[PDB]
């Protein structure tokens, strides 16, 4: 069964600037903020609303070298986006289901709360173990990098 792991971070960024990047501009911004991981991102189907499929190609060092992602939720009223791995990425590392959902809310004019929900399940017959503690840490690192990018 799918479990949910919640964490959060607060970033010194403006809510709508962060929402733009997390929900839309991540196509150009992701390789710029994670240049040691991500080579490029391409929209394969859809234009950025729900149902949109994207491929992330990682640097050739990296393994797995790609993930195919689907936008499964896009709520601009509540600033919530859900992004599901449908192939590759953690699904090549022992996880049977993986989704990341970001919900933003204002703390101040230039401070924003990011609630991060990781939805996941494992297949126990695969020996490699990857915990949502570990995967959440990667997501937070990405957020902190995004913070630095928006604040220069």
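Numbering follows the first chain given and starts at 1.
As recorded in the PDB entry, 44-52 is the stretch of 44-52 and 114-122 with the greater mean C-alpha temperature factor.
Per-stretch averaging of Cα B factors for 22-30 and 82-90 places 22-30 on top. In the deposited entry, the Cα temperature factor of residue 106 places it in the middle third of its chain's modelled residues. For residue 3, the recorded CA B-factor ranks within the lowest third of the chain. Only modelled residues enter the ranking. Annotation for residue 11: CA B-factor lies in the highest third of the chain's modelled residues.
In the deposited entry, the Cα temperature factor of residue 141 sits in the middle third of values across the chain's modelled residues. Among the modelled residues of its chain, residue 63 has a C-alpha B-factor that falls in the highest third, as given in the PDB entry.
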